[PDB]
Amino acid sequence: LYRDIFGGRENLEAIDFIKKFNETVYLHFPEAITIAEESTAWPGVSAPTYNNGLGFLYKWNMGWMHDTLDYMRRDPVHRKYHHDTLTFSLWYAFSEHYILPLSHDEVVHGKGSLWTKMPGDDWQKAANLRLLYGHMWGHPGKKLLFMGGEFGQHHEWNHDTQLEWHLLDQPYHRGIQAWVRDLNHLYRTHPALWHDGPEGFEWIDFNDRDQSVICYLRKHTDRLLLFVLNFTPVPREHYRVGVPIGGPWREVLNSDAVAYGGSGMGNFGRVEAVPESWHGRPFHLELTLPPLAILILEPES
Amino acid sequence: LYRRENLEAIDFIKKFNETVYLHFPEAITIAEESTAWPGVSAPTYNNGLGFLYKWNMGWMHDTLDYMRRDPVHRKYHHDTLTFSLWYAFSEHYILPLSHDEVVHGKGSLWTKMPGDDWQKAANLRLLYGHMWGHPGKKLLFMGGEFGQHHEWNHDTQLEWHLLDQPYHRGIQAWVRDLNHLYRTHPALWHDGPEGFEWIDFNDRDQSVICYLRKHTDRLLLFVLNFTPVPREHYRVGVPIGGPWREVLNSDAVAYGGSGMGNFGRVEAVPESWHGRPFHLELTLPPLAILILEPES
C-alpha cells in the first residue's frame, strides 16, 4: 500500500492492483475467499471495492493477536493492572470481517512457543493456553491456529524439524488438543458463534479488575452462549453473573475439566438462575469459577 | 343545605365556622353531611363550608356493606373495599362508627359480622385494623370496643359483663393496642394522598389487600386477609430491603386469634414483587391484619 508536487507515500498502482485483483477473483470465482494481513490501520481492507475498500473478504485481526498475547504473558498478579488491554479489543473487533490469528510469525525468532509464552508452572501454562483459546473462540471473528499450537508445543516452530508429536504422550498436551477439538465442535454447532457482528456480542461484565474476570454473551436470534473467564489462578466461589433469561442453565464447556487436564472445579452441569438483579440483568447465575479457566454456559432447551 | 340550596343556612354555616376559629383559633368543628356536597372541610375563603373535619359516611357504608358479606362472597365485592381510597382525600375526614349505626334494628357492629363467634370477633378485629390503617381520624361509639352483642339501648347501661368473656376482652385489647400504634407512629398522622401508597389491590380471588402508610422516613405496611383461610408463602412487595418487624397481628391468641403469625424477624428478599424492588414472604392469618415496619 505504501512506498516508504505529489509527495504521496501510498503506492496507488498497488492499491488498484489489489482492488482489481479482488474484483477479478470473485467475478470468476464467486465462492472463493481472499484474506489479507495488513499491519497498518488501513481502513476497509475487508470492504468491497465499490465502497472504496481493498476488496478482501477477511482481514487478520493482528491488533487482537498482539493485545491478547501481550495480556497473557503478564503474570496474573499483574493482570489487574493491564485489564484494559483485554476489554479494549472489542472496540476494534468490528471494523473488518476478521480472522483471529495465531501463526508461525508469532512462534519463531525468539518470540517463543505459545506454551512458552504463557506464565507460571506447567499446570498454569496449560490452563493459560486453554483460556487463551477459549476466549479466542468466544471472541468475535473467525479462527486460525498454526501447527503445534493445538497441543501446546514447547519448542519454537522449526522448518528443518517435525513437530514434537511425542508431546502428545504427556497429559496436558493431549488435554489442550482435546480442548481445541471440543472448541471447534461447539463452534461448528452453535450458530451464536457464527455471527461475528456487533449483533452477536453483548457484554455481561467488564469491570472486575481486581479479580481480572470478564463476562460476555454471544447471540444469534433466540440462541445465546455465556462466556465467563477467570484470568487468575485463584478460584472464585459464589461469583454472580447477571443473565438475560431465567431458569436452568447448562454448563457446555469447562476449561478446568479433568478431560482437559484441569483441577476439575466446576458447577456440575445444572446451575439455577436466581430471579435477583445483577449486572443490570433481570436474573443471575451464581457460579464457581475454576482456576485460569473459561466457562461456556447455555440456557436449557 | 337544602329544603334548591338554602343559602341563608350556607352563609350561616360559613359564618359560624369563620367566627369560631376567630375567637378560638384552636377549636375543632366536625360536620356530618350525607350528600356529596363538596368542600365541607374546606375554608370559606375557598368557597368551602369552613369545617375542619367531615365524617366519612361514604366509607362507613362501603366498609360495613363489604364486611356484612361472607368471605366466600367477598370475592365478588372486592371493588367496594378497594374503591374507598378514590374518595378518601376529598375532605379532611374522620372515619366514623357512630351510634346511628347501632340502633333501629341495624344491629351492633358485632351482630353485623358474619359467621360463628370466632369469625365475628375476628371480623371486627380485622375491621378496626383496616379502619385504623385507612386514612382519616377515628371515631368509635361506646360498646364497639368490646364488640357488644346488643344494639345501643339508651334506657340501659352497656353490657360490661361481656368484658369478662374472652372474645370481647380481646377486641378491647386490640383497640387499645391499635390506639398505641396510632399515637406512637406518625406514618398514620398524615391522612394526605402522599401518606398512602398501594402495595397490591388486585387479589380478588384470595380477598387480600396490601398497602403502605407513610410519613418521610417511616413506613407502615398493612396486609389484610378477608377470608378465614390462612395464606402461606404470600409475598408482598416493599420499598426497602433488610429486616422487617411484625408490629401487630390481629390473630394473636391474646386477642382471641388462632395465633398464626410472622412474629417479627421477617427479612426482605430482593426479588421484584408488586412492581417493587424487594418482597416479604409472609403468613396471612385468618380474617386478620398484619402490620409491619422496617426494623430500626
# chains A, B, ... in the order shown; residues from 1 in each chain; ligands from 1
$ residues_around --residues "range 295-298 of chain A" --least-positions-apart "5" --cutoff "8 Å" --atoms "only C-alpha atoms" --output "PDB file with N, CA and C atoms, in the first residue's frame"
ATOM      1  N   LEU A 224     -28.359 -18.130  22.666  1.00  0.00           N
ATOM      2  CA  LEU A 224     -27.289 -17.323  23.312  1.00  0.00           C
ATOM      3  C   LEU A 224     -26.254 -18.242  23.983  1.00  0.00           C
ATOM      4  N   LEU A 225     -24.990 -17.813  24.030  1.00  0.00           N
ATOM      5  CA  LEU A 225     -23.933 -18.575  24.745  1.00  0.00           C
ATOM      6  C   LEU A 225     -23.269 -17.634  25.763  1.00  0.00           C
ATOM      7  N   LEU A 226     -23.087 -18.083  27.007  1.00  0.00           N
ATOM      8  CA  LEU A 226     -22.492 -17.214  28.057  1.00  0.00           C
ATOM      9  C   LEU A 226     -21.015 -17.578  28.259  1.00  0.00           C
ATOM     10  N   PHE A 227     -20.142 -16.571  28.284  1.00  0.00           N
ATOM     11  CA  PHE A 227     -18.718 -16.798  28.500  1.00  0.00           C
ATOM     12  C   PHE A 227     -18.282 -16.106  29.786  1.00  0.00           C
ATOM     13  N   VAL A 228     -17.774 -16.880  30.743  1.00  0.00           N
ATOM     14  CA  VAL A 228     -17.213 -16.338  31.975  1.00  0.00           C
ATOM     15  C   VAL A 228     -15.769 -16.807  32.088  1.00  0.00           C
ATOM     16  N   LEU A 229     -14.858 -15.856  32.275  1.00  0.00           N
ATOM     17  CA  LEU A 229     -13.426 -16.096  32.161  1.00  0.00           C
ATOM     18  C   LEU A 229     -12.731 -15.686  33.446  1.00  0.00           C
ATOM     19  N   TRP A 249     -29.673 -23.286  33.711  1.00  0.00           N
ATOM     20  CA  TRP A 249     -28.602 -23.052  32.757  1.00  0.00           C
ATOM     21  C   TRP A 249     -27.676 -24.258  32.773  1.00  0.00           C
ATOM     22  N   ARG A 250     -27.133 -24.568  31.607  1.00  0.00           N
ATOM     23  CA  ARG A 250     -26.296 -25.729  31.405  1.00  0.00           C
ATOM     24  C   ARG A 250     -24.842 -25.287  31.266  1.00  0.00           C
ATOM     25  N   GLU A 251     -23.937 -26.146  31.726  1.00  0.00           N
ATOM     26  CA  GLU A 251     -22.508 -25.913  31.571  1.00  0.00           C
ATOM     27  C   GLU A 251     -22.059 -26.647  30.310  1.00  0.00           C
ATOM     28  N   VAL A 252     -21.792 -25.897  29.244  1.00  0.00           N
ATOM     29  CA  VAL A 252     -21.492 -26.541  27.969  1.00  0.00           C
ATOM     30  C   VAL A 252     -20.027 -26.936  27.863  1.00  0.00           C
ATOM     31  N   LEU A 253     -19.128 -26.149  28.445  1.00  0.00           N
ATOM     32  CA  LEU A 253     -17.704 -26.440  28.414  1.00  0.00           C
ATOM     33  C   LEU A 253     -17.069 -25.824  29.646  1.00  0.00           C
ATOM     34  N   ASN A 254     -16.110 -26.542  30.218  1.00  0.00           N
ATOM     35  CA  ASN A 254     -15.368 -26.082  31.384  1.00  0.00           C
ATOM     36  C   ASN A 254     -13.896 -26.348  31.104  1.00  0.00           C
ATOM     37  N   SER A 255     -13.126 -25.267  30.910  1.00  0.00           N
ATOM     38  CA  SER A 255     -11.694 -25.369  30.635  1.00  0.00           C
ATOM     39  C   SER A 255     -10.970 -26.191  31.674  1.00  0.00           C
ATOM     40  N   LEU A 289     -15.966 -20.255  39.718  1.00  0.00           N
ATOM     41  CA  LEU A 289     -15.045 -20.071  38.617  1.00  0.00           C
ATOM     42  C   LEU A 289     -13.754 -20.813  38.894  1.00  0.00           C
TER      43      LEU A 289
END
$ select_by_dssp --residues "range 49-220 of chain B" --states "strand (DSSP E or B)" --output "PyMOL selection string"
chain B and resi 53-55+93-97+137-140+196-200+208-215+218-220
$ write_last_selection --atoms "N, CA, C and O atoms" --output "mmCIF file, in the first residue's frame"
data_model
loop_
_atom_site.group_PDB
_atom_site.id
_atom_site.type_symbol
_atom_site.label_atom_id
_atom_site.label_comp_id
_atom_site.auth_asym_id
_atom_site.auth_seq_id
_atom_site.Cartn_x
_atom_site.Cartn_y
_atom_site.Cartn_z
ATOM 1 N N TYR B 53 -63.331 19.081 59.830
ATOM 2 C CA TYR B 53 -63.458 17.646 59.621
ATOM 3 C C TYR B 53 -64.827 17.303 59.059
ATOM 4 O O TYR B 53 -65.812 18.008 59.294
ATOM 5 N N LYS B 54 -64.870 16.213 58.296
ATOM 6 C CA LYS B 54 -66.113 15.627 57.822
ATOM 7 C C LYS B 54 -66.141 14.143 58.158
ATOM 8 O O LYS B 54 -65.142 13.441 57.978
ATOM 9 N N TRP B 55 -67.283 13.674 58.655
ATOM 10 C CA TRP B 55 -67.489 12.243 58.828
ATOM 11 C C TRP B 55 -67.494 11.567 57.461
ATOM 12 O O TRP B 55 -68.241 11.972 56.563
ATOM 13 N N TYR B 93 -61.080 14.120 56.624
ATOM 14 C CA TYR B 93 -62.144 13.219 57.133
ATOM 15 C C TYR B 93 -61.885 12.521 58.441
ATOM 16 O O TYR B 93 -60.720 12.322 58.835
ATOM 17 N N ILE B 94 -62.976 12.153 59.115
ATOM 18 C CA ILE B 94 -62.853 11.302 60.327
ATOM 19 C C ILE B 94 -63.573 10.002 59.954
ATOM 20 O O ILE B 94 -64.741 10.091 59.523
ATOM 21 N N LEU B 95 -62.915 8.848 60.089
ATOM 22 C CA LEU B 95 -63.643 7.581 59.835
ATOM 23 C C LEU B 95 -64.671 7.452 60.958
ATOM 24 O O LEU B 95 -64.279 7.625 62.126
ATOM 25 N N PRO B 96 -65.913 7.099 60.632
ATOM 26 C CA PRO B 96 -66.949 7.151 61.689
ATOM 27 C C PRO B 96 -67.705 5.840 61.903
ATOM 28 O O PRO B 96 -68.176 5.250 60.914
ATOM 29 N N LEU B 97 -67.838 5.422 63.160
ATOM 30 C CA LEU B 97 -68.678 4.248 63.509
ATOM 31 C C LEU B 97 -69.561 4.753 64.654
ATOM 32 O O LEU B 97 -69.293 4.377 65.810
ATOM 33 N N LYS B 137 -59.052 10.282 60.649
ATOM 34 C CA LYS B 137 -59.127 10.090 62.091
ATOM 35 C C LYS B 137 -60.156 9.013 62.424
ATOM 36 O O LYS B 137 -60.876 8.511 61.556
ATOM 37 N N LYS B 138 -60.226 8.652 63.700
ATOM 38 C CA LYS B 138 -61.014 7.507 64.125
ATOM 39 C C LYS B 138 -62.068 7.939 65.134
ATOM 40 O O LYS B 138 -61.784 8.711 66.055
ATOM 41 N N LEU B 139 -63.283 7.427 64.953
ATOM 42 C CA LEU B 139 -64.378 7.604 65.897
ATOM 43 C C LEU B 139 -65.050 6.257 66.087
ATOM 44 O O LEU B 139 -65.418 5.600 65.108
ATOM 45 N N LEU B 140 -65.208 5.849 67.341
ATOM 46 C CA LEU B 140 -65.878 4.605 67.678
ATOM 47 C C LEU B 140 -66.873 4.899 68.788
ATOM 48 O O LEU B 140 -66.518 5.526 69.791
ATOM 49 N N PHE B 196 -50.503 7.812 51.795
ATOM 50 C CA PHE B 196 -50.881 6.435 51.382
ATOM 51 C C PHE B 196 -50.295 6.001 50.044
ATOM 52 O O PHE B 196 -50.331 6.801 49.089
ATOM 53 N N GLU B 197 -49.766 4.777 49.966
ATOM 54 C CA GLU B 197 -49.342 4.163 48.717
ATOM 55 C C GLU B 197 -49.838 2.725 48.693
ATOM 56 O O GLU B 197 -49.739 2.011 49.696
ATOM 57 N N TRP B 198 -50.353 2.303 47.542
ATOM 58 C CA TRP B 198 -50.796 0.927 47.351
ATOM 59 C C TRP B 198 -49.610 -0.014 47.192
ATOM 60 O O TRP B 198 -48.642 0.298 46.493
ATOM 61 N N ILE B 199 -49.688 -1.168 47.843
ATOM 62 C CA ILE B 199 -48.776 -2.273 47.566
ATOM 63 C C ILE B 199 -49.406 -3.285 46.616
ATOM 64 O O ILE B 199 -48.807 -3.655 45.606
ATOM 65 N N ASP B 200 -50.618 -3.751 46.919
ATOM 66 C CA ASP B 200 -51.359 -4.570 45.963
ATOM 67 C C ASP B 200 -52.847 -4.491 46.268
ATOM 68 O O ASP B 200 -53.251 -4.540 47.435
ATOM 69 N N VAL B 208 -57.425 -10.184 49.528
ATOM 70 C CA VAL B 208 -56.319 -9.636 50.298
ATOM 71 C C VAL B 208 -56.023 -8.223 49.816
ATOM 72 O O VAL B 208 -56.238 -7.887 48.646
ATOM 73 N N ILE B 209 -55.550 -7.382 50.739
ATOM 74 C CA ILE B 209 -55.169 -6.002 50.452
ATOM 75 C C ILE B 209 -53.828 -5.740 51.120
ATOM 76 O O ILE B 209 -53.625 -6.087 52.287
ATOM 77 N N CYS B 210 -52.908 -5.129 50.379
ATOM 78 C CA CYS B 210 -51.616 -4.733 50.918
ATOM 79 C C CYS B 210 -51.453 -3.250 50.648
ATOM 80 O O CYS B 210 -51.575 -2.819 49.498
ATOM 81 N N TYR B 211 -51.178 -2.463 51.687
ATOM 82 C CA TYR B 211 -50.938 -1.050 51.447
ATOM 83 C C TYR B 211 -49.933 -0.496 52.444
ATOM 84 O O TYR B 211 -49.638 -1.101 53.479
ATOM 85 N N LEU B 212 -49.447 0.700 52.126
ATOM 86 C CA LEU B 212 -48.370 1.362 52.839
ATOM 87 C C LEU B 212 -48.906 2.683 53.366
ATOM 88 O O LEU B 212 -49.665 3.371 52.675
ATOM 89 N N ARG B 213 -48.515 3.039 54.584
ATOM 90 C CA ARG B 213 -48.854 4.340 55.133
ATOM 91 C C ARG B 213 -47.581 5.018 55.608
ATOM 92 O O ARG B 213 -46.828 4.451 56.404
ATOM 93 N N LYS B 214 -47.352 6.233 55.110
ATOM 94 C CA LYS B 214 -46.031 6.833 55.076
ATOM 95 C C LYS B 214 -46.021 8.222 55.674
ATOM 96 O O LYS B 214 -46.955 9.004 55.459
ATOM 97 N N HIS B 215 -44.964 8.525 56.424
ATOM 98 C CA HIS B 215 -44.502 9.901 56.560
ATOM 99 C C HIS B 215 -42.982 9.903 56.544
ATOM 100 O O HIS B 215 -42.360 9.343 57.451
ATOM 101 N N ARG B 218 -40.651 7.048 57.922
ATOM 102 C CA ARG B 218 -41.450 5.968 58.468
ATOM 103 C C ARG B 218 -42.405 5.389 57.441
ATOM 104 O O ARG B 218 -42.999 6.109 56.634
ATOM 105 N N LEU B 219 -42.540 4.077 57.484
ATOM 106 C CA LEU B 219 -43.467 3.342 56.649
ATOM 107 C C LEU B 219 -44.204 2.401 57.578
ATOM 108 O O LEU B 219 -43.654 1.948 58.583
ATOM 109 N N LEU B 220 -45.455 2.119 57.251
ATOM 110 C CA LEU B 220 -46.187 1.090 57.963
ATOM 111 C C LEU B 220 -46.872 0.270 56.892
ATOM 112 O O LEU B 220 -47.587 0.824 56.051
#
$ closest_atom_pairs --of "chain A" --to "chain B" --cutoff "8 Å" --atoms "only C-alpha atoms" --output "Markdown table"
| residue | atom | partner | partner_atom | distance |
| --- | --- | --- | --- | --- |
| A:275 | CA | B:271 | CA | 6.2 |
| A:276 | CA | B:271 | CA | 5.4 |
| A:277 | CA | B:271 | CA | 7.8 |
$ write_last_selection --atoms "N, CA, C and O atoms" --output "compact mmCIF listing (two decimals), in the first residue's frame"
# COMPACT_ATOMS: atom_id res chain seq x y z
N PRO A 275 -33.89 -15.18 40.34
CA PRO A 275 -34.63 -14.01 39.85
C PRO A 275 -34.29 -12.75 40.64
O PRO A 275 -35.17 -12.03 41.11
N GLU A 276 -32.99 -12.51 40.80
CA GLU A 276 -32.43 -11.36 41.50
C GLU A 276 -31.52 -10.60 40.56
O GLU A 276 -30.77 -11.21 39.78
N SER A 277 -31.55 -9.27 40.62
CA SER A 277 -30.87 -8.47 39.62
C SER A 277 -29.37 -8.47 39.86
O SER A 277 -28.91 -8.40 41.00
$ atom_distance --atom1 "CA of residue 80 in chain A" --atom2 "CA of residue 292 in chain A"
13.9 Å
$ residues_around --residues "residue 242 in chain B" --least-positions-apart "5" --cutoff "9 Å" --atoms "only C-alpha atoms" --output "mmCIF file with N, CA and C atoms, in the first residue's frame"
data_model
loop_
_atom_site.group_PDB
_atom_site.id
_atom_site.type_symbol
_atom_site.label_atom_id
_atom_site.label_comp_id
_atom_site.auth_asym_id
_atom_site.auth_seq_id
_atom_site.Cartn_x
_atom_site.Cartn_y
_atom_site.Cartn_z
ATOM 1 N N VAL B 266 -38.753 -10.748 60.090
ATOM 2 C CA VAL B 266 -39.068 -11.046 58.659
ATOM 3 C C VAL B 266 -38.013 -10.324 57.811
ATOM 4 N N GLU B 267 -37.311 -11.061 56.952
ATOM 5 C CA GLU B 267 -36.221 -10.453 56.149
ATOM 6 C C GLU B 267 -36.697 -10.278 54.703
ATOM 7 N N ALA B 268 -36.543 -9.070 54.161
ATOM 8 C CA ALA B 268 -36.950 -8.800 52.765
ATOM 9 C C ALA B 268 -36.054 -9.584 51.809
ATOM 10 N N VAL B 269 -36.632 -10.060 50.709
ATOM 11 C CA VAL B 269 -35.864 -10.834 49.695
ATOM 12 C C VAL B 269 -35.797 -9.939 48.458
ATOM 13 N N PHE B 278 -38.055 -5.152 46.493
ATOM 14 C CA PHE B 278 -37.859 -6.269 47.451
ATOM 15 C C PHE B 278 -39.212 -6.824 47.851
ATOM 16 N N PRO B 294 -40.105 -1.585 58.786
ATOM 17 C CA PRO B 294 -38.710 -1.980 58.726
ATOM 18 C C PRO B 294 -38.072 -1.863 60.101
ATOM 19 N N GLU B 295 -37.221 -2.829 60.448
ATOM 20 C CA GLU B 295 -36.545 -2.825 61.769
ATOM 21 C C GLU B 295 -35.566 -1.646 61.852
#
$ select_by_dssp --residues "range 47-226 of chain A" --states "alpha helix (DSSP H)" --output "VMD selection string"
chain A and resid 62 to 73 76 to 79 83 to 87 114 to 117 122 to 138 171 to 189
$ residues_around --residues "residue 117 in chain A" --least-positions-apart "3" --cutoff "10 Å" --atoms "only C-alpha atoms" --output "ChimeraX atom specification"
/A:69-70,72-74,106-107,111-114,120,125,128-129,154
$ write_last_selection --atoms "C-alpha atoms" --output "compact mmCIF listing (two decimals), in the first residue's frame"
# COMPACT_ATOMS: atom_id res chain seq x y z
CA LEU A 69 -0.81 -12.23 23.71
CA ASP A 70 0.74 -9.22 25.48
CA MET A 72 -1.43 -13.26 28.67
CA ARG A 73 2.38 -13.25 29.12
CA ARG A 74 1.81 -10.95 32.02
CA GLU A 106 4.44 -15.41 16.44
CA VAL A 107 6.12 -18.75 17.33
CA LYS A 111 9.33 -14.96 20.33
CA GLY A 112 8.75 -18.41 21.78
CA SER A 113 6.12 -21.11 21.57
CA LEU A 114 2.55 -20.23 22.53
CA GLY A 120 3.79 -19.94 35.51
CA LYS A 125 0.78 -22.88 31.33
CA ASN A 128 -3.44 -20.21 30.48
CA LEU A 129 -3.27 -21.70 26.97
CA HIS A 154 7.38 -26.40 23.88
$ residues_around --residues "residue 64 in chain A" --least-positions-apart "3" --cutoff "10 Å" --atoms "only C-alpha atoms" --output "PyMOL selection string"
chain A and resi 60-61+67-70+85-86+88-90+92-93+98-102+136+139
$ residues_around --residues "range 66-69 of chain B" --least-positions-apart "4" --cutoff "10 Å" --atoms "only C-alpha atoms" --output "ChimeraX atom specification"
/B:60-62,73-81,109,111-115,123-124,126-127,226
$ write_last_selection --atoms "N, CA, C and O atoms" --output "short mmCIF file (atom, residue, chain, number, x, y, z; two decimals), in the first residue's frame"
data_model
loop_
_atom_site.label_atom_id
_atom_site.label_comp_id
_atom_site.auth_asym_id
_atom_site.auth_seq_id
_atom_site.Cartn_x
_atom_site.Cartn_y
_atom_site.Cartn_z
N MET B 60 -68.00 4.45 55.63
CA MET B 60 -68.69 3.58 56.58
C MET B 60 -69.65 2.65 55.85
O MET B 60 -69.67 1.44 56.10
N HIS B 61 -70.48 3.20 54.96
CA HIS B 61 -71.42 2.39 54.19
C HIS B 61 -70.70 1.31 53.39
O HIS B 61 -71.02 0.12 53.51
N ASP B 62 -69.73 1.70 52.56
CA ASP B 62 -68.98 0.72 51.78
C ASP B 62 -68.35 -0.33 52.69
O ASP B 62 -68.49 -1.54 52.46
N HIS B 73 -68.17 -14.88 49.63
CA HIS B 73 -68.76 -13.99 48.64
C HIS B 73 -67.98 -12.69 48.44
O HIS B 73 -68.19 -12.01 47.44
N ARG B 74 -67.10 -12.33 49.38
CA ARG B 74 -66.39 -11.05 49.30
C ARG B 74 -65.60 -10.91 48.01
O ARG B 74 -65.32 -9.79 47.57
N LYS B 75 -65.19 -12.04 47.43
CA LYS B 75 -64.61 -12.09 46.09
C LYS B 75 -65.33 -11.17 45.10
O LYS B 75 -64.71 -10.36 44.41
N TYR B 76 -66.66 -11.28 45.04
CA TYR B 76 -67.47 -10.57 44.06
C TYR B 76 -67.70 -9.11 44.41
O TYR B 76 -68.29 -8.38 43.61
N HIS B 77 -67.27 -8.66 45.60
CA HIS B 77 -67.47 -7.29 46.04
C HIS B 77 -66.15 -6.61 46.39
O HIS B 77 -66.12 -5.66 47.17
N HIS B 78 -65.04 -7.11 45.83
CA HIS B 78 -63.72 -6.57 46.12
C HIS B 78 -63.64 -5.07 45.86
O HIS B 78 -62.98 -4.33 46.61
N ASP B 79 -64.30 -4.58 44.80
CA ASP B 79 -64.21 -3.16 44.46
C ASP B 79 -64.82 -2.27 45.53
O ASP B 79 -64.36 -1.14 45.72
N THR B 80 -65.83 -2.76 46.25
CA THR B 80 -66.41 -1.96 47.33
C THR B 80 -65.36 -1.67 48.39
O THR B 80 -65.32 -0.58 48.97
N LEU B 81 -64.52 -2.66 48.67
CA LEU B 81 -63.44 -2.50 49.64
C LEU B 81 -62.35 -1.57 49.11
O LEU B 81 -61.97 -0.59 49.77
N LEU B 109 -72.23 -3.62 65.86
CA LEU B 109 -71.11 -3.96 64.98
C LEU B 109 -70.79 -5.45 65.04
O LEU B 109 -70.56 -6.08 64.01
N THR B 111 -72.92 -7.94 65.87
CA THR B 111 -74.00 -8.64 65.18
C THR B 111 -73.84 -8.60 63.67
O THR B 111 -74.19 -9.57 62.98
N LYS B 112 -73.32 -7.49 63.14
CA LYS B 112 -73.16 -7.34 61.70
C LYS B 112 -72.13 -8.30 61.11
O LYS B 112 -72.20 -8.60 59.92
N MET B 113 -71.20 -8.81 61.92
CA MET B 113 -70.14 -9.56 61.25
C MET B 113 -70.53 -11.02 61.05
O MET B 113 -71.22 -11.60 61.90
N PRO B 114 -70.10 -11.64 59.95
CA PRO B 114 -70.64 -12.94 59.56
C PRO B 114 -69.90 -14.12 60.17
O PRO B 114 -68.70 -14.07 60.46
N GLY B 115 -70.65 -15.20 60.35
CA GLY B 115 -70.11 -16.47 60.79
C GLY B 115 -70.35 -16.72 62.26
O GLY B 115 -71.14 -16.04 62.93
N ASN B 123 -63.62 -10.90 62.48
CA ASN B 123 -64.05 -9.88 61.53
C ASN B 123 -64.00 -8.48 62.14
O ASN B 123 -63.53 -7.54 61.49
N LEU B 124 -64.47 -8.32 63.38
CA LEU B 124 -64.44 -6.98 63.98
C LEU B 124 -63.01 -6.52 64.27
O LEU B 124 -62.69 -5.34 64.08
N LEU B 126 -60.47 -7.39 62.51
CA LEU B 126 -59.99 -7.04 61.18
C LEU B 126 -60.54 -5.69 60.74
O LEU B 126 -59.80 -4.84 60.23
N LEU B 127 -61.86 -5.49 60.89
CA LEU B 127 -62.49 -4.23 60.51
C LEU B 127 -61.80 -3.03 61.14
O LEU B 127 -61.42 -2.08 60.44
N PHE B 226 -59.09 -11.17 54.18
CA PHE B 226 -60.52 -11.06 54.45
C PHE B 226 -61.26 -12.38 54.32
O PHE B 226 -62.50 -12.38 54.21
#
$ residues_around --residues "residue 102 in chain B" --least-positions-apart "6" --cutoff "8 Å" --atoms "only C-alpha atoms" --output "mmCIF file with N, CA, C and O atoms, in the first residue's frame"
data_model
loop_
_atom_site.group_PDB
_atom_site.id
_atom_site.type_symbol
_atom_site.label_atom_id
_atom_site.label_comp_id
_atom_site.auth_asym_id
_atom_site.auth_seq_id
_atom_site.Cartn_x
_atom_site.Cartn_y
_atom_site.Cartn_z
ATOM 1 N N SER B 108 -75.741 -4.280 66.414
ATOM 2 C CA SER B 108 -74.395 -3.974 66.878
ATOM 3 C C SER B 108 -73.365 -4.325 65.815
ATOM 4 O O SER B 108 -73.578 -5.212 64.984
ATOM 5 N N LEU B 109 -72.228 -3.623 65.858
ATOM 6 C CA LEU B 109 -71.108 -3.958 64.979
ATOM 7 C C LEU B 109 -70.786 -5.446 65.043
ATOM 8 O O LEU B 109 -70.558 -6.085 64.009
ATOM 9 N N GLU B 151 -77.782 -3.929 70.300
ATOM 10 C CA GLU B 151 -77.885 -2.565 69.808
ATOM 11 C C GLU B 151 -77.825 -1.589 70.974
ATOM 12 O O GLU B 151 -78.184 -1.920 72.108
ATOM 13 N N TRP B 152 -77.358 -0.377 70.693
ATOM 14 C CA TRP B 152 -77.283 0.618 71.748
ATOM 15 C C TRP B 152 -78.683 0.904 72.264
ATOM 16 O O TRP B 152 -79.542 1.396 71.527
#
$ atom_distance --atom1 "CA of residue 288 in chain A" --atom2 "CA of residue 193 in chain A"
23.9 Å
